[PDB]
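What follows is a pair of forms of the same protein chain, given separately as structure tokens and numbered structure 1 and structure 2.
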Structure 1
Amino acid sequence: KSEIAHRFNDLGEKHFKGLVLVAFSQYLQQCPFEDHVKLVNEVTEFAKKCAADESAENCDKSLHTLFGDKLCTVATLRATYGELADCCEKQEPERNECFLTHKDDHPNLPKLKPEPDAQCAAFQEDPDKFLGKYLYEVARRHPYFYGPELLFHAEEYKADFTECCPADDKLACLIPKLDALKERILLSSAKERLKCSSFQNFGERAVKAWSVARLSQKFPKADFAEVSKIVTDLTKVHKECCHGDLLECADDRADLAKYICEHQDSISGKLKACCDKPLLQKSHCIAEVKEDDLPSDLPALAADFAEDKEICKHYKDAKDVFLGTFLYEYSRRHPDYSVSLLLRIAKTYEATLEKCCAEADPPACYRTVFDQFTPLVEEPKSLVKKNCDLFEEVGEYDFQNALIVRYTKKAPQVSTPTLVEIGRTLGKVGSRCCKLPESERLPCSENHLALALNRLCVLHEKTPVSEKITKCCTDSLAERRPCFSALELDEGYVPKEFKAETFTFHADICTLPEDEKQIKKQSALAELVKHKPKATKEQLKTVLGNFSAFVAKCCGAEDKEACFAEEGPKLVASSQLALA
């Protein structure tokens, strides 16, 4: 009778208020905090009134109608929000669709550095306002962030300040925890953005396929019936969250966490720990649960999927069912494979049956289908071994430098900051994944690589520069990494004009901390390649080494600007000759 009442009743006031604040911060990214807080408190008051009397006026209206009418009491300021003003002239569901279309992925808001003493004071004074500010600041920076997971991370944010504010040194207690939390926010955002990107670009079938593969790996003891059930429910949850239906999303996610935990005997023996936790922690634990042990009764796939003489009939009868079954069975027994590799294998299997069932003698044609998977498996295995061998030899910094050179040579039209960011990001993937057991390296590496490539594709949608990038981004999720791997330096690329100022360092760099110094030098590295794209890796390594030594010498000098002023121009001049 009243949707807002039902969601308020199911979620409770605190979670309701949290999710409405996040939704508003994601939809309305540029507006300040107190404006959002008022609209949350006003909407929650309305929810309470409706919960008391569901047959009252305006309580029967849709969440989009109510919340949209609420957003449009401040979104009409065209100066602060351009298009959102236009969206507010539309009725539903056109208005909601208009809001979704104009969500900014790279809003480019000031990066927030913690003020430990100022923050600890504000936490103790008004904890609700402080934690509200966190949800708000993260939400508008990450407009497709998984709503209920942001509440979970907000409780971790609370747990940090709670533990450290009462201590004698607040600053050095917090920094490691908030730096750690920031990493988790980045990974989590990337994970959810791929799901929304998959809905947006490829549709439901792609999302379900992806989930079937991942959950089959996670829950090998579970039968095909159980994974299909969980995938169907999980796809509806993520479909709701990606389409801005956060109260609906959160409620259905809680229902799924409940079901998994009530039926964990027929899902996984790894869920016992997860299922003794409060709502947000329980859902999070399940989402991140490690893969179960392989069952002893895994079947022979070759007999069922290559040798059976009437496979073409079974395929025609129900294609997605038969393919889903193959993906389920193949995924279960290959926990050491990446999800994109499993989907590529499934796609190859489908392609073989599509070709072979249109031929004279089908069984002879698809007899060797499993041998087509061998080259698909060896490709990523070789890449991870090559990258991990290099990482373990040269370490994170020089590994990042190798990737910045590799990637600038492939796509020199891409912006220096973006090229540096992808090189640095994938550099850290190496450090995290190459230390793991050999069997966990390939999933870790290629699953994280998929998140990095999707981030790049989402940035490229906003700011297109390269026709090659568009090609790799708009083709299938399975073929994405192969397409990016296959990218090579344009035969008719015009080297970026030399600009001495680009490679000129000043004493300002001595201010910056280590990571920021690295980014300045790694930016110069990208620029070196854009001007000299045929320059060898060792040439570029030597020139960067000379720039590093120069920066170290002049930052350690009694008169820093005199050193930079004298030595800088010499190195800029000689560097051109070294990269011919």
Structure 2
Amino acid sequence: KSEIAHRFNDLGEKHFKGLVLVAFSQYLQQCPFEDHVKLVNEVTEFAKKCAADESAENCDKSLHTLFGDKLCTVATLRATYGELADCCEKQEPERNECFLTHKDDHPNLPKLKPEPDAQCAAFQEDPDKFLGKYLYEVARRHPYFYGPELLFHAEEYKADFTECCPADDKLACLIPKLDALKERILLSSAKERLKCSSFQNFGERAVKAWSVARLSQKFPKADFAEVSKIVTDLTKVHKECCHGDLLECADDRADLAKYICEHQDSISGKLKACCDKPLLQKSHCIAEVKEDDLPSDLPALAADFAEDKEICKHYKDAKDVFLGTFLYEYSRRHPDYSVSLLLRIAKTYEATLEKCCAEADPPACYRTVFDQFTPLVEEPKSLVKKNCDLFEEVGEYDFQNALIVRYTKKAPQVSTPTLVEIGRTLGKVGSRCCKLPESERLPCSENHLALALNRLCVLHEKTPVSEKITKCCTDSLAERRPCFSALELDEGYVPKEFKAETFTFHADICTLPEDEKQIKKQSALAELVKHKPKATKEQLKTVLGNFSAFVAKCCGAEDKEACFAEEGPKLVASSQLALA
């Protein structure tokens, strides 16, 4: 019984190689493309040998042993990866655990900057090399990217270049195709990173809870046993992928996609479109499937979960199953709620039973349990209404700026690039979610907010700067967004010392693209808040407007630098007075 042969036979050579390339790229993010390709081929050649004869020497070793041994043969390991050479002394599974610790969530690699003429040539010159290069580039930038899903995006990446290279207009799919794919890559990466973060920081229990809530919303027709079945299998898939077991992850994901499609009539009417597709496409469509219509025979929950006299007995006899059933029943009923809200509601239900069942007369106590949920629902609904009201009034750029001020005040010790990133991400959430139908706003906003907050938390694990951020990031997954919302200006913070050069602009800003100009100004905005943390958002908006006007004027000037030189220092000095 050869594991590597077993995976090679199940997956096929193409997907086997793709996943192995991705896995290696994620583990060793600094190595060049050619180096990894060689290791992939070496591993694949061995798999073929084992497929021919599974009794052969070393074919019965574990995948982690074989792939771990392979990574440790890389040239200049100690120089390039000083930390990783230490892992190579260790044995499995200790070695892989060491490997996973050293994955870098922020490698700070160059921007993709597609060159359509050169890339279409390389694509035509060698497609396998070209598509493989793409897997490699994204994988090392996103060390926790969902392995099988990255192969799906490589196919979209192929279809773009296939359709557009022979066309007349050279860059007819630059902004249209690659920028859209780039956006989908970011969202997908953020979604999977949350799952891996949940395993790491809160355990498998938290991942299953989240998954029960989400899949109940998606598949309200399905029975609890069906959802539990799917959650169990899907949790194992993500567990394997998050721990670098990409071949096993891909294989189990295929098995799950098959199961769902075989039982689609009892699961969801929306799956039929997904289930008449190829493998990678089918799995992707299932994963992103639209929520099914609510069945007309949804049961009233007051009887079982509020009015039944033996709830304390049920709760005590099997807490997991009873609470699991509640979460399933309440979630399928509420596609208009965010997942974290449903998890908060489930925690409040649990807490109510813990309290009420210790008292003398539990029934009278827990009779009003559903009424405790109302304030939990109103708070996020109010936040989303306020944020969307602001977004629709001022637009994305100014909405981003308001969020940068908001979060810099909460966490002024965090780096400016990180504060700008989260502010800009949460601004795009406005564009994405506030235009949706009204019932879909809350789930879209809060679910995306969870992704952006996790990004901040993951960067904070690497570079801790604030005890308040640690607390919100590690105390409770469900309470994370309310914790961050509750943060106010850190009074313990001492204003960052003034540096004139930080707010000094030059003629180089004028040649930049619009998004890059914004980031420079938004970076200055974060720095303004850091030096003057008590300045109001209204003061800051005005001062930034003056900076924007100053940049606009001097970029339209005959002598651009002389304009920046004369005008800048006065404005820099005057701005500080405006922020008192």
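The first residue in the sequence of structure 1 is number 1, and each one after it adds one. Take the two forms, superpose them, and find the largest set of C-alpha atoms that agree within 1.5 Å; that set is the rigid core.
Core superposition places the C-alpha of residue 75 6.1 Å apart between structure 1 and structure 2. Core-based alignment between structure 1 and structure 2 gives a C-alpha movement of 0.1 Å at residue 340.
On the core-superposed pair, the CA position of residue 91 changes by 1.1 Å between structure 1 and structure 2.
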